[PDB]
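Asker: what would the 3D arrangement of this be:
(chains A and B)
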Amino acid sequence: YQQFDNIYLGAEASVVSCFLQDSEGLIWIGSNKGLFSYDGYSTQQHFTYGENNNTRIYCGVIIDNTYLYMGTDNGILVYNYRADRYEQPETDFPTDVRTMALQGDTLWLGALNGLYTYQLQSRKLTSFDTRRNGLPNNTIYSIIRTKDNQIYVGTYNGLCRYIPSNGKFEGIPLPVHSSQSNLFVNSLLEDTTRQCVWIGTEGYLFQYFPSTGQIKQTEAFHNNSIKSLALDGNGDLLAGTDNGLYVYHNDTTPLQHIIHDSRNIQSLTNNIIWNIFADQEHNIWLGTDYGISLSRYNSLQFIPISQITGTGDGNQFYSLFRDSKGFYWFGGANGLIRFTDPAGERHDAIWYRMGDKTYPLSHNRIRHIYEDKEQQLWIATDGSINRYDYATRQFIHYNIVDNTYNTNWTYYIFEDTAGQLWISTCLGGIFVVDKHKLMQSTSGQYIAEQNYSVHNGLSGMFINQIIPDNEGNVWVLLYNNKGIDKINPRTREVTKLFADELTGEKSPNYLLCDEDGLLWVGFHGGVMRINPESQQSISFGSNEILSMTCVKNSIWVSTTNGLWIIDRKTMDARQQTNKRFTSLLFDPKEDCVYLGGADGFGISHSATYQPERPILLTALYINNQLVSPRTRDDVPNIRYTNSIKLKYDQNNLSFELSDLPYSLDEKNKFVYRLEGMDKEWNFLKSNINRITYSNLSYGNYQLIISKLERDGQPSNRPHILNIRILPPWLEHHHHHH
Amino acid sequence: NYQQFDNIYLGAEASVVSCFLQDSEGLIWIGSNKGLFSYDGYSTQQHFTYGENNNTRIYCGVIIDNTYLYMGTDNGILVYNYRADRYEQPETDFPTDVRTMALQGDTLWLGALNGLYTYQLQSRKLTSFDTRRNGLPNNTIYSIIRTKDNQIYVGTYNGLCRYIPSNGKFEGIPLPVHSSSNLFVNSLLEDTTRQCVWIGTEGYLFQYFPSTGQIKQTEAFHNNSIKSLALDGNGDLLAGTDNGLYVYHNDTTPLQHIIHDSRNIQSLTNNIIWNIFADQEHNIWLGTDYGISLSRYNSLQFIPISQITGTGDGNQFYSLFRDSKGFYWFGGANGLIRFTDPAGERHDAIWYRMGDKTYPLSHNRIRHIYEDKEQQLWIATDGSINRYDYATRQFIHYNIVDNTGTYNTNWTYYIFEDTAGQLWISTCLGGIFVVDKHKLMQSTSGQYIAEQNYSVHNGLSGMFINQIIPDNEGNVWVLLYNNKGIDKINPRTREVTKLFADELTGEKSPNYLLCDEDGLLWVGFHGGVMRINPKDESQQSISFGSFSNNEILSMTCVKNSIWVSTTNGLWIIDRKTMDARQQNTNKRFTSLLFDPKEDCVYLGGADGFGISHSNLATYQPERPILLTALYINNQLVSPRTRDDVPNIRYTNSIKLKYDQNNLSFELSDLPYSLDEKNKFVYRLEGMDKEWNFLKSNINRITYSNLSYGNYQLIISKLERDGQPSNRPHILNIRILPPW
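Answerer: Numbering: from 1, shown residues only, chains lettered A, B, ... in the order given. Take a look:
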């Protein structure tokens, strides 16, 4: 909170009382002169000088995913942000609305002269008062609904909570202070982690615990007023006051106190913080008595399973894989998910699981996913091995035994250069098997060509990974054992190596081959590089290894604690949130890395990975004047338009674009072109998001805008606007309403 | 209520029950002093053999990977694959004398008589926690739980502590007592509604509140110990002791205390309660020192939307409708949901809303759903009217204005089709529009001009119209918002008359309108209804209940009654006498639908809907039939005891030898929650020509002397009409020839 990006709406509209973010990410601003929006580049107004909508906004709520309800001196402005029109219902709203809170489909309204509910379907307006309902006072400043569906109402003289059964209100007994002749309750905030409601009053910050009724005084800010409360991305409590911002973490950590410095343009813009809003990306918006301070939240992007197929089922990911046809395969404890596009919208994921009607698996617990020499997809599971059939979209199951030990608990699979499948197990040792004959087999159970076991050379039969050498040798990772077994399949010679070094606590639990033929062995606090019989080790100092994968010249090592990145040639080690990741995948083509964990996965670069954001048109200008449905009947809301038809003399057009870059230090770069006029891409400077065209002839055009990709190439998913300029004779075809 | 139980006793001299599990398909499993059992609602079945290592006392269990029962024993952990019906031991050397188990993601916590352990299910790593290395108060562990916020609580021989994953140690939590030795902590239970952890010990029941560190001595029961804890469907805390069951509601409410009564075979079976388990249907299972006491749950059956769905999105339901093709259409404040079964078992809901990339709607606020004369589905919304296209699964939106171009159809409240191809559309602000249905459907204009409009200028009483309803007398009756009386339109002359304004006025201003099957009109107002006969324009009126100012939310015809949902509850009114009767739940329903096919009523409300029979017990959802036992020559057979037989519960196809031809099958639909059992019919294709009937107490099906060949056993619930259902259970049977 050391630096802020400060934002101003003009000299008239210096006071900001609230923020809303619509479900598509655009930020809305309630100022002392009316509503604005801010697209990350410039502000826009949505009122006309002189009109009833040119007025102080005190609060707002989004209704029906298409209306902004805003509290005003005169009642409630209802702004339809999709149509871009004020759409007043017939309702006689109470004047002076200062606070609002949705409960199901009833909107609670807190005003200077009363408390109300507004049922949204029937338009039924119900009033609540001191004399009938036992409210402590009629002037309302703050109303919230908690997760367990209780209503808290802060007033000019005290805090209470609604009692649905009898329609009355129960006081919460905040302390009465000799310095005050009434008990202002300015702000209320539910905190689900701390299990409290935070209460801001003049001079005192309280936590109310509904579990016990305890009212804890957490802070006293002498002679200061608490105006607003939010929780940031770390879950710290942010308190906006008349003397800057306070940040609370816990009882033993001192508050941060953040204030305006008149000689420093990057400081909090003003000390009087009327409102604080945490946006969908955890950016903190501070609304003040003089403009806005934005504090950007920065990074790894983490993606919950439910965003891929939702479905709120969980999964702990132990294997992540991308096939040569480009499907993602993410599995572990609870099944396998096939999907496309990790950081897109579409995904069309399929979940293969035990007991599914449509997509079954012999067992939920996936241990390995592998693509063979003929691009056939193999999985290892605790219900044996399976092979995918892409045409049927279903798995084919194989039972395997040796010539006498079996394959039910399979750990690892690979294909050798003679068309044999190598399979490691949790009891039956290692099986080696004719791939085509297994595939061609028709016997449900299948006798193995070969098997390695403790009877013929292995140390134990509890073995995880098996990895081929460049010179045909098979290196086996041994469970609860010392050293690593090594197999020459040419003369069946198994030998136990590095028992000297990899014993006791140096017991190995992970093993991989890099692109240069070097093995990396992970053990308790340290990794060790090998030439298959040379090389040695290193350690993590002041515990254990979950996953390792190669990333270029680096090997990434996921641990209980966090990540270690090692350079492959020197063996230099460097440590990098506190998430533990049980799975790692490097995607060379997209040049990112997937980090698989509990009920989700992260994505990061091989510099903080940026999620893909669609491109919006935020403003249309005709002959140099901004135009929208709010002011013109003959022009649509450009944000929600794919094709526009214009009159013949509406041929001087400007466009503003944005991908809503609120979180970003540096803006993305863009390219544009107008099909029907331009023959190539035009490049924009990153600070310029305006596109302009003059004196267009009649006919059809396509405006095409793309984000420049970080390799320099325009994206192939542009935003496209169809534009027809009508001749004089066809004028009556112009946009209308 | 806890005053009567269904008492269940186990075979094989087992009499002590120490735990219950319920698999993801609803079967109950029972750990007993002699080994593992299952119960299908008809009989108990053992899953162990006398003398074998599986014939052993079970102390606790959890289900792992949707296929195993991990169970604690003297020898460690007994692992049972319930799908394969085989004991399947891991290679892992487990500690002995396990007493408690709790999952944390993909790690299983194990508490034992001499240590605490972790077991990581992927790596199979076993990690030990102790007194010296970790600050445990004692190595004897009796209870372990994981809370929703992912904390680990461990109850021991000497007190309670909490895991610290920072440093891998345990923080003690001191328990305030009257004096002293070591405080046994036998039992732990998280309660998200009170936001505490309940703690049962010898002598006391505590609540600990992690948000503040407060610790409350909620009960003190000298010479009694708390052995088990659960919460019931009401959110009451149930405490199992060695002197019966205690039920806690709040501090001001007397505890209920429930004990055995030797003179009454429906009382609690035994006073020593080892485990209490609340099943998915909220039935309470009590495992005691002698048998099981089952307490069936009584409600209204309420279905939350997420059960439909599979998402946490809300909706307040204002229109329920089921179409001529059988699709249900439940819509309200937050869009419109299409789905085919009220229990959501087929996960095939489609949810239409504004903003949805795949299934958009012009507006989320649905005001009416209607099917026309040609089976086309129409909806009225605050974004005009739409028609469904079944083939594309998309709505088609229409914009309609009057001929002057002044009024439009943006805010549509109600729609119907008359007998002459015309759609009648009621609006807020634009009056009523009458539109030629086929011309609208075929229009390509993007604005349609209505043939007719009714408004304040040509006879209407106002411009805000809620509902418009045809007579059986050729008229259209019109409910206006906050007006006096109701308007009557004669569509042929276009005459508009205002009727019943003498009574329906001021506090009796109407706000609901409907026509019943006999063609009488029902008008709803604050705290009463009025029945109108449109033949003679006669009228009778009643008031019901209190208060006088008591709002009507929804009204619907249910056979010979009308159902009326209000702010203060549900009233049922007889259509001929007009006798009003109040019903009793606290939920308030803003939508109602009678389905004559299923003989039931849907009551739509906040984030879900109730289902009820028309004639009042409670309503039971259809459950699938399972096969739970196979007998050959009158001996029970399973993969556990034979090579050549599969798990009957998970097989669609069985292959038998020539001399395995005397067969019995037990069946169940898991009727745990039922006073009366259902009735079944069965037939064996290849043998039977007709259905056979069971008799409700009998769930066993027997065929003798089958000849080699192919058969198919079909089993079906006998429906309330006396028809078989169309969810039969099918088993293909092949009997092989001798050779």
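Asker: contacting residues for residue A:722?
Answerer: Applying CB atoms under 8 Å, 6 or more residues apart in numbering or on different chains, we find residue A:722 in contact with A:642-644, A:700-703. Yep, even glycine has a C-beta here, placed from its N, CA and C like the rest.
Asker: and those residues as TSV, adding neighbour count and secondary structure?
Answerer: Below are these laid out as TSV (neighbours: other CB atoms under 10 Å in any protein chain shown; DSSP: H, G, I helix; E, B strand; the rest coil):
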residue	neighbour count	secondary structure
A:642	9	coil
A:643	13	strand
A:644	19	strand
A:700	12	strand
A:701	19	strand
A:702	15	strand
A:703	24	strand
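Asker: okay if I get those residues as JSON lines plus distance to residue A:226?
Answerer: As requested, the contacts of residue A:722 are exported to JSON lines (distance: CB to CB, whole Å):
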{"residue": "A:642", "distance to residue A:226": "47"}
{"residue": "A:643", "distance to residue A:226": "50"}
{"residue": "A:644", "distance to residue A:226": "48"}
{"residue": "A:700", "distance to residue A:226": "58"}
{"residue": "A:701", "distance to residue A:226": "55"}
{"residue": "A:702", "distance to residue A:226": "53"}
{"residue": "A:703", "distance to residue A:226": "49"}
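Asker: count of residues packed around the closest residue to residue A:282 other than its chain neighbours?
Answerer: Nearest residue to residue A:282, sequence neighbours excluded (CB to CB, 6 or more residues apart in numbering or on different chains): residue A:233, at 3.4 Å. Counted by other CB atoms under 10 Å in any protein chain shown, the residues lying close to residue A:233 total 12.
Asker: likewise for residue A:371?
Answerer: 17.
Asker: that one touches residue A:378, doesn't it?
Answerer: Yes - using CB atoms under 8 Å, residue A:371 makes contact with residue A:378 at a distance of 7.4 Å.
Asker: strands along the stretch 251-400 of chain A, start to end?
Answerer: A:256-258, A:273-278, A:284-288, A:292-295, A:301-304, A:317-322, A:328-332, A:335-339, A:350-352, A:366-371, A:377-381, A:384-389, A:394-401 (DSSP state E, counting those that start in this stretch).
Asker: go through the longest helix along chain A and flag the buried ones.
Answerer: When chain A is parsed with DSSP state H, its longest helix is helix A:435-440. For helix A:435-440, the neighbour count (16 or more other CB atoms under 10 Å in any protein chain shown) marks A:435, A:438 as buried.
Asker: just stretch A:106-124 next, same as before
Answerer: Buried, per 16+ other CB under 10 Å, within stretch A:106-124: A:106-112, A:114-121.
Asker: ok, now stretch A:377-396?
Answerer: So for stretch A:377-396, counting by 16+ other CB under 10 Å, buried means A:377-388, A:395.
Asker: ok, which stretches of the stretch 1-150 of chain A are helices?
Answerer: Per DSSP state H, counting those that start in this stretch, the stretch 1-150 of chain A carries helices over the ranges A:130-133.
Asker: which part of it gets nearest to chain B, residue-wise?
Answerer: residue A:105 (4.0 Å; CB to the nearest CB).
Asker: in the sheet, who's paired with the closest residue to that residue other than its chain neighbours?
Answerer: In this structure, residue A:105 finds its nearest non-sequential neighbour in residue B:316, 4.0 Å apart by CB to CB, 6+ apart. Under the criterion DSSP bridges, residue B:316 forms beta bridges with residue B:606.
Asker: what residues sit buried inside stretch A:333-349?
Answerer: For stretch A:333-349, using 16+ other CB under 10 Å, the buried residues are A:333-339, A:342, A:347, A:349.
Asker: kindly report the same for stretch A:681-699.
Answerer: Within stretch A:681-699, judged by 16+ other CB under 10 Å, the buried ones are A:684, A:689, A:691, A:693, A:696.
Asker: show residues contacting it.
Answerer: A:41-42, A:648, A:651-658, A:666-674, A:676-677, A:703, A:705-706, A:708, A:714, A:724-727.
Asker: rerun at 7 Å
Answerer: A:41, A:648, A:651-658, A:666-667, A:669-674, A:676, A:714, A:725-727 (CB atoms under 7 Å, 6 or more residues apart in numbering or on different chains).
Asker: over to stretch A:707-717?
Answerer: A:615, A:659, A:668-671, A:681, A:706.
Asker: just stretch A:271-289 next, same as before
Answerer: Under the criterion CB under 7 Å, 6+ apart, residues A:15-19, A:21, A:25, A:27, A:227-233, A:238, A:240-245, A:259-260, A:268-270, A:292-297, A:662-663 lie in contact with stretch A:271-289.
Asker: of those residues, buried ones?
Answerer: Counted by 16+ other CB under 10 Å, the contacts of stretch A:271-289 give A:15-19, A:21, A:25, A:27, A:227-232, A:238, A:240-245, A:260, A:268-270, A:292-296, A:662-663 as buried.
Asker: please parse chain A into its domains.
Answerer: Domain ranges of chain A: A:1-299, A:300-606, A:607-737, per curated CATH domains.
Asker: please compute how far the shortest one lies from its chain's middle.
Answerer: Looking back up the chat, that one is domain A:607-737. Relative to its parent chain, domain A:607-737 has a centroid offset of 28 Å by CA atoms, centre = their mean, to the nearest Å.
Asker: what is the end-to-end distance of that domain?
Answerer: 47 Å (CA to CA, to the nearest Å).
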